[PDB]
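>>> Quick one, structure for this:
(6 chains, ligands or ions: 2)
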Amino acid sequence: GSXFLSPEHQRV
Amino acid sequence: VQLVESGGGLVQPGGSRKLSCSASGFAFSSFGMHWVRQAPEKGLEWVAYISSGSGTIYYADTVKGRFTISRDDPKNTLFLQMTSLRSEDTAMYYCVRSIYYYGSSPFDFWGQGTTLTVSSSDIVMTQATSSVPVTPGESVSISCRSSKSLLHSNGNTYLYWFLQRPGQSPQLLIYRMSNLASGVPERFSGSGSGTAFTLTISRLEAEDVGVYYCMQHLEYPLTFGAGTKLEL
Amino acid sequence: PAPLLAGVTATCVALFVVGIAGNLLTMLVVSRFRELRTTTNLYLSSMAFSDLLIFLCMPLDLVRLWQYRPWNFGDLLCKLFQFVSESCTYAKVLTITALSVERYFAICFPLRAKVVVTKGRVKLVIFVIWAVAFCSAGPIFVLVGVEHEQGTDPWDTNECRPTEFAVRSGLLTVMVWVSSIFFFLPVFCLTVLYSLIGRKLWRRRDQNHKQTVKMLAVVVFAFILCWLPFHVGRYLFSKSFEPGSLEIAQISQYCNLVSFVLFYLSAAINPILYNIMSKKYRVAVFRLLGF
Amino acid sequence: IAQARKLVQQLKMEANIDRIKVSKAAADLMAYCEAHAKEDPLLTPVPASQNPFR
Amino acid sequence: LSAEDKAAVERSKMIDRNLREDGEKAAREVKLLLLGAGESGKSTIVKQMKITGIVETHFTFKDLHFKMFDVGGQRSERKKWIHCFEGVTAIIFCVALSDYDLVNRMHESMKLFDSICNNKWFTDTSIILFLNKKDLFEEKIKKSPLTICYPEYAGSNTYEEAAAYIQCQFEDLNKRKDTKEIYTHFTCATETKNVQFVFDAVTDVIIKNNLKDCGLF
Amino acid sequence: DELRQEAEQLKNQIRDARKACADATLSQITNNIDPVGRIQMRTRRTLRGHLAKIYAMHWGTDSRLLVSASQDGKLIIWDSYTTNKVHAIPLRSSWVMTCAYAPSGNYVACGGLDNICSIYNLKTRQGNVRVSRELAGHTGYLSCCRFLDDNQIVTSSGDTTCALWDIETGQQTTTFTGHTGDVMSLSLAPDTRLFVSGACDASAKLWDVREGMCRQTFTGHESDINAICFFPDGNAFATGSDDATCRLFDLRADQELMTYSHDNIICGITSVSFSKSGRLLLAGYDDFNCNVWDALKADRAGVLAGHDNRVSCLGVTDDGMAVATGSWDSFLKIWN
Ligand SMILES: CC(C)CCC[C@@H](C)[C@@H]1CC[C@H]2[C@@H]3CC=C4C[C@@H](O)CC[C@]4(C)[C@H]3CC[C@]21C
Ligand SMILES: CC(C)CCC[C@@H](C)[C@H]1CC[C@H]2[C@@H]3CC=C4C[C@@H](O)CC[C@]4(C)[C@H]3CC[C@]12C
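Numbering: from 1, shown residues only, chains lettered A, B, ... in the order given. Ligands and ions are numbered 1, 2, ... in the order given. Pasting the structure now:
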């Protein structure tokens, strides 16, 4: 299962 | 075929004992083995069973958790380790061989028995008569009844009949209601309705007196009738 | 960005059909034909079952590469479709390692193998592999769980992504490193054993031997190509959740979709890779089918 | 040479038999089939109630 | 749903378990079919090893169990029973080198070899060919020419040229060159070497079979 | 010679005598009877447990227990109803080509390339199967064996001869000589007063058990006869040969009655059996698919296709309920 990133990696 | 039982004697209540049955003259490893006790001046009672290969072990409710049955195939020995013995365990213990395949005669050979003297839902099989006075040469019918129908869906009615001659181990006469055992004369015949069964002796002999027991093999624990006595 | 997803989904569906067909054929042939019930076929049957579940989990993963933020399929589902996936992956790689070991013992030590390896000692290997695969992927339950962001209600932004506990504590990074064993140990085992088999075959002499070492090299190359991007991607996903990383925002999500296509490509091609050159298998698939 | 004489005697014993006509012999096989048609489970698929294989 | 039928099922499983165990033990065995067109050399390829239809010979070499079936005693139609040995590991064929001047016998052995090698049952079964009577062969070739059996033989009447010619003539009879091999050994007085040859040929056969099973060919 | 001519003169005399009786063919007589239609038989039980090729099977007279022989040296007795193995007998010689089950059910026999018929006692005071007797007179492999009673067995052999054996004494009571080729099959008559043997000389010979002579010889087949079965009436039999043709012979008419052949079928027949009525002829083939033939109209009623290998043996139960086909793919199937 390929890790996928949230389209919201704002890290704010 | 020979089964010799050892280990009996006078045991104090609460004590332990180990019973051994040494099989001789047959393929011991391929036969399922049973322990059947007979209390003094009382009838047969099933105690325990071990399958061939020791895969399946069953015990009576009376002895469950106290008695353990084990098998030694290389040494042809059957064991019954009895712990926490009480005075109701005073009986004659019999070693029985039974093989199960289509057409098999289960319970066909019984050992001579060992005497143990401890000091001080189940299917009910009913035998109405306890004693029958007989004369040689006549027909005798021995009736047995069961709480539940012994006829199974496969067509087999599992009612076995045994004769215990005086001072001798019980011998198998009829298996699965109608089948006559090996070596038994054809004077004996079994017929039944699935809940009520009869055993007919066509002509008597002096070698037919004894107690006649009916056993069911429909389900465990295996239960016996009180026994019908034949006297001259 | 928007059109690429169409290609990646269509490729996945194609791999889905090819993989399911191959795995079903493998299992059916092994089940019905006694002559094909060999140790190798037993390993491939287990591997076929593993690929079958990796494929059954494809619709859920394809959903997330399609929609991520509105996910409302359930927390138990989110755990289950990433646990069976990461468990079957680890059994798939372990089964490949077991096939390489069996091939090495069968070829390098032919007579000793006949005594040592038996179906009894192959069923045990299958059980051990499956147990290890399940145990290794058990922490996915403590890691992959639906989470919601404040400011919108629960259904509005749930994403089936690893928890934030896994990201604040170094749980993820540790488990992307623990998974890396599933790459390093098989790649080393396959390369060393296959090279030894090639050495022995070459020393003995033939065109057939050349074909054999070509096949061994092809399986090694397919393993490396399929799996190295996957592990690199998951390691980049671990670093992505760290501060100072915005370039890896693009790098991981792209390496991770290339690693998605390769991941399903592996399952589609593996029955073909290990069974195409077995004449008994081909004649039995022809016997099983009308053709 | 001994074998040939035995073959001659055997052909003597096989030739001197009474043969019935094929018409009067084929008619007996059909009669056996019609008479025993009902008691053939293979010809007529028996209902599963009295079939021992389910 | 069952009663003393559970006990019957248990008996059935115990005996099929024994059947499975017996099958594994048999699979470890190496089975060899010994053939030939007389007792010219078969008796010598059975003399060293210690153990009416089929005479089976069981011997162990290097911790491997071999079963060798001599079917010469079966005077019957071969095509009716030859399929029983379809799964034999290898076929051992014995040819006497001194039978080229005797009657025809060398031709008969070649006919038997061609028939056995090209059966539909032995398409992939390797053959270990033994050329016996090596000691006798030199005396015959120094007494008579080799052209008595093979009229097209151009060469001297010496052991090496004649014996290599016969080996070629036997190895050229196989039409299944793409699937099977013929392992030819000239039977020697040192019998540690005949068994060694058989062991080596069987090891090669097992390796090739294992490669076929693994899917690497 | 003076008497070699008489051999080929008598054969013509027989050919003429059996042509005077051929007034009408069996096809003509059964032209207006109705066809059996399409026979659809589904596999009910699959008996698995034999590791190698299954070479022979025989049903018991109780129609439930069957014995099967395989090249692995095991003789398994099966319970068809429950698929349970009642017994597994290890054989001294694994090259077993035939097996028979006694009518009583107390004994089984097997034989093969060792040239010995071994009788196994199934009902013993112990719980094991023991070798009761090993019959050794035959000088060729045993192709078929059939029990007459507990103490009498008839065995065919590949040395071109058949023999009647006394199990108690182990001696050949009677030897049947006359086949030039290897004898491949036997079929006992329902009365057990006659039996037929098919050999590799493409002839089927009728043999009477009591006086040991061959009453009739049937030579329609063009190739080796591999299977023979009596009709339930006992007045006809059917043979199976390597020429991909089954034919039916009448004892009383002394000639072939009808031929069962199809253009699509080019492989030999390994086993032949009849249904309880006799209407259906079941033949095993090398195409991996069994074929059902209408015995009266020579039509092919149906096909039994459930093996991946040659259907080496075939048997129908005495009550006609099921047919069992064993095969070289290591599996026995029960069809109904
Ligand atoms: C290096 C350390 C961390 C070990 C990592 C892997 C561990 C957890 C696992 C546990 C179970 C093991 C696997 C179980 C079974 C097999 C099949 C065998 O035919 C080859 C080895 C192989 C594939 C083993 C190697 C990997 C293994 C040792
Ligand atoms: C994913 C979870 C829910 C289920 C996992 C089930 C696994 C452990 C099961 C399902 C099917 C099983 C296989 C089915 C049949 C065989 C053939 C046998 O000769 C050896 C074992 C083997 C190869 C089994 C191994 C274990 C197996 C792969």
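>>> element containing residue C:255?
Assigned by DSSP states H and E, residue C:255 belongs to helix C:247-275.
>>> And for residue E:95?
Going by DSSP H and E, residue E:95 is in strand E:90-96.
>>> and the helix or strand following that strand, what does it pack onto?
Next in sequence after strand E:90-96, counting helices and strands by DSSP H and E, comes helix E:105-117. Contacts defined by 3 or more C-beta pairs under 8 Å, 6 or more residues apart in numbering or on different chains; DSSP states H and E place helix E:105-117 against strand E:30-36, strand E:90-96, strand E:126-132, helix E:159-171. Where you see a C-beta, it was placed from the backbone N, CA and C, and this is true even at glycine.
>>> if you compare the ones you listed, which one is most tucked away?
Greatest average neighbour count among those goes to strand E:90-96 (a mean of 25), per mean count of other C-beta atoms under 10 Å in any protein chain shown.
>>> Pull the residues that contact it.
Strand E:90-96 is contacted by residues E:32-38, E:40-42, E:45, E:68, E:105-106, E:109, E:113, E:116, E:122, E:125-133, E:136, E:166, E:170, E:198, E:201-202, E:205 when judged by C-beta atoms under 8 Å, 6 or more residues apart in numbering or on different chains.
>>> could you pick out which of these are near ligand 2?
With C-beta under 6 Å from any ligand atom as the criterion, the contacts of strand E:90-96 include none near ligand 2.
>>> Tell me how far the spatially closest residue to residue F:4 that is not a sequence neighbour lies from residue E:22.
Leaving aside its chain neighbours, residue F:4 sits nearest to residue D:4 (5.5 Å; criterion: C-beta to C-beta, 6 or more residues apart in numbering or on different chains). Computed as C-beta to C-beta, to the nearest Å, the residue D:4 to residue E:22 distance reads 52 Å.
>>> May I have stretch F:237-256 as CSV, with CA atoms only?
C-alpha atoms of stretch F:237-256 as CSV (Å, rounded to 0.1, in the frame of the first residue of the first chain):
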residue,chain,number,x,y,z
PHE,F,237,-21.3,-60.0,-24.4
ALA,F,238,-19.6,-56.8,-25.6
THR,F,239,-15.9,-56.4,-26.3
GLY,F,240,-13.6,-53.3,-26.4
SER,F,241,-10.5,-53.2,-28.6
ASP,F,242,-7.6,-51.0,-29.6
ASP,F,243,-9.3,-50.2,-33.0
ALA,F,244,-11.6,-47.7,-31.2
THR,F,245,-14.6,-49.9,-31.7
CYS,F,246,-16.9,-51.8,-29.3
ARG,F,247,-19.0,-54.6,-30.7
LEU,F,248,-21.6,-56.9,-29.3
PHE,F,249,-21.6,-60.7,-29.9
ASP,F,250,-24.4,-63.1,-29.4
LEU,F,251,-23.6,-66.6,-27.9
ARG,F,252,-26.7,-68.3,-29.4
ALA,F,253,-26.3,-66.7,-32.9
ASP,F,254,-22.5,-67.3,-32.7
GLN,F,255,-21.7,-64.0,-34.4
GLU,F,256,-21.4,-60.2,-34.0
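>>> hang on, the earlier thing: residues of the helix holding residue C:255 that come out buried?
If you call a residue buried by 16 or more other C-beta atoms under 10 Å in any protein chain shown, then helix C:247-275 has these buried ones: C:248-249, C:251-253, C:255-257, C:259-271, C:273-275.
>>> Same question for stretch E:176-183.
E:176, E:180, E:181, E:182, E:183.
>>> Distance from that stretch to the middle of the chain?
Put simply, stretch E:176-183 sits 13 Å off its chain's centre (C-alpha atoms, centre = their mean, to the nearest Å).
>>> what does that stretch contact?
Taking C-beta under 8 Å, 6+ apart as the rule, stretch E:176-183 contacts E:117-118, E:122-129, E:170-171, E:174, E:197, E:201, E:204.
>>> Give me the helices and strands touching the one helix or strand residue F:271 maps to, please.
Element membership for residue F:271 (DSSP H and E) is strand F:269-274. Counting contacts by 3+ C-beta pairs under 8 Å, 6+ apart, strand F:269-274 is packed against strand F:225-230, strand F:236-241, strand F:280-285, strand F:313-316.
>>> Compare those and give me the one nearest chain E.
For chain E, the closest of these is strand F:225-230, at 8.7 Å, according to C-beta to the nearest C-beta.
>>> ok so, going back, nearest to residue C:87, out of the helices and strands packed on strand F:269-274?
Residue C:87 sits nearest to strand F:313-316 of all those, at 46.6 Å, using C-beta to C-beta.
>>> Which residue does the stretch 51-200 of chain F have closest to chain A?
Residue of the stretch 51-200 of chain F nearest chain A, by C-beta to the nearest C-beta: residue F:51 (42.0 Å).
>>> And that residue, how far from residue F:112?
Distance of residue F:51 to residue F:112, given as C-beta to C-beta: 17 Å.
>>> and what of residue C:221?
52 Å.
>>> circling back to that earlier point, any chance of TSV for the buried residues of stretch E:176-183, columns secondary structure?
Listed next are these as TSV, based on DSSP: H, G, I helix; E, B strand; the rest coil:
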residue	secondary structure
E:176	coil
E:180	coil
E:181	coil
E:182	strand
E:183	strand
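>>> tell me the two of those that are most distant?
Pairwise distances among the buried residues of stretch E:176-183 were taken by C-beta to C-beta; the largest, 14.4 Å, belongs to E:176 and E:183.
>>> near chain F, which residues of chain E?
Counting by C-beta under 8 Å from any C-beta of the partner chain, the residues of chain E close to chain F are E:5, E:8-9, E:11-12, E:15-16, E:18-19, E:22-23, E:26, E:52-54, E:71, E:74-77, E:80-81, E:84, E:87.
>>> among those residues, which ones are buried?
Buried residues within the residues of chain E next to chain F, counting neighbours by 16+ other C-beta under 10 Å: E:5, E:8, E:11-12, E:15-16, E:19, E:22-23, E:26, E:53-54, E:71, E:74, E:76-77, E:80-81, E:84.
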